[PDB]
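In the block that follows, a single chain appears as structure tokens, in the form deposited in one PDB entry.
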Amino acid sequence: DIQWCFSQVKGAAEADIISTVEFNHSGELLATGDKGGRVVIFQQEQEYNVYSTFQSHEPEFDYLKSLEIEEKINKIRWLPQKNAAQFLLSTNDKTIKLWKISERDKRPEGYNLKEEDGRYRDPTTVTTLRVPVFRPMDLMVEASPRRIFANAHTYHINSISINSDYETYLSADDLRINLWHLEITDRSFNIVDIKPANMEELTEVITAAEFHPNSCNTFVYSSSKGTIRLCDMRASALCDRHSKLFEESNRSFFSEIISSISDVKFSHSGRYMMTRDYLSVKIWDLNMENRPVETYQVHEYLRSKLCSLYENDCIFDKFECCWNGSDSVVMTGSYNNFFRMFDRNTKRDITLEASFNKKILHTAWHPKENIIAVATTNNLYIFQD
């Protein structure tokens, strides 16, 4: 069991809704997505604090369909630290933006060289200012957009993920999956297109996808029916010939909504996979598909109330989950601002209160320490062990 310590709240009504939380691979910097395009970034104090902020997207009004596309950054993903400047992938409903957050490198240089407005010539315009403007040395972190991805997703975007080899990253919308090269942002390879020719028969919605963390070729994409398909780009260029399908008395009207898997994450070791359906967190060993190795219940009392949650909007809520860096434990959110940690070692589950009514939709786990970050709607919590 892990004795989690209550988080300090550092961040904090409609634009400020944390739609994603994500630690960098070496977890020093924490970037949180938003429903207002402001990716609030924090970083761990060198032995977390507000680091920077950048407007990843504006309300891009589509003029071909008149759809008032929101600035909803549904995913934040870090890249490896190519240089001193860190990079972040931010994806709104329609388009991805690659960002560079660099410190002020020229702080000393700007102080070491300065002349008059006319390059030390007489009759300078701002004669005093030049005497003082020479002191530009500052410690602030400077955000900057590097590469703009194209408008490829004809539908709301739900997932992106950096591949194990840092040339490409995954992008999946509710109907298709496109593979984006990191620097080559003018084109994308549509690796999966489940779209039925006639939208009448729309049964399958790709609700989430990710890349296998250690294998550059293995990736999984969920489905509305819960059938998690583990694809392998080694088999073929197009991944419609999926390698495996993961699938499991109570067959109510809403069997078609409880079976929808809102989130899928691989273990840090890539030995196990954890899929969050509405009611249960299913943990699958990747070599056995007809059942999970362990099934976990996220909330017992909500199984019968599928009309009441359907009169309300609550039953559509997208929940997510995350693993320990050691994979020994997993954690996911529940309603009423409660999240649950499902320890696979002792099979003991401990629920935790963040401080129905409030939903912990998104959360994250630091890949090197028992640090977890929680995306409450109007708050951000980083719980320690």
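So that there is no doubt, residue numbering starts at 1 and follows the sequence shown. Here the rigid core means the biggest group of C-alpha atoms that line up within 1.5 Å when the two forms are laid on top of each other.
The same protein also exists as the form deposited in another entry; that form is not shown, yet it is the one meant from here on.
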Give the option from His181, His242, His299, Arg107 whose C-alpha shifts by 2 Å or more between the shown form and the other one; the alignment is on the rigid core.
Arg107
Given a superposition on the rigid core, I'd like a yes or no on whether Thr124 shifts its C-alpha by 2 Å or more between the shown form and the other one.
yes
Core fit, then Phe134 C-alpha moves 2 Å or more between the shown form and the other one
yes
Kindly indicate if, in that other deposited form, the C-alpha atoms of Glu103 and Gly110 are closer or farther apart than in the structure shown, bearing in mind the change is 3 Å or more.
farther
Just to spell it out: taking the C-alpha atom of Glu103 and the C-alpha atom of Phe134, is that distance smaller or larger in that other deposited form than in the structure shown here, given it changes by 3 Å or more?
closer
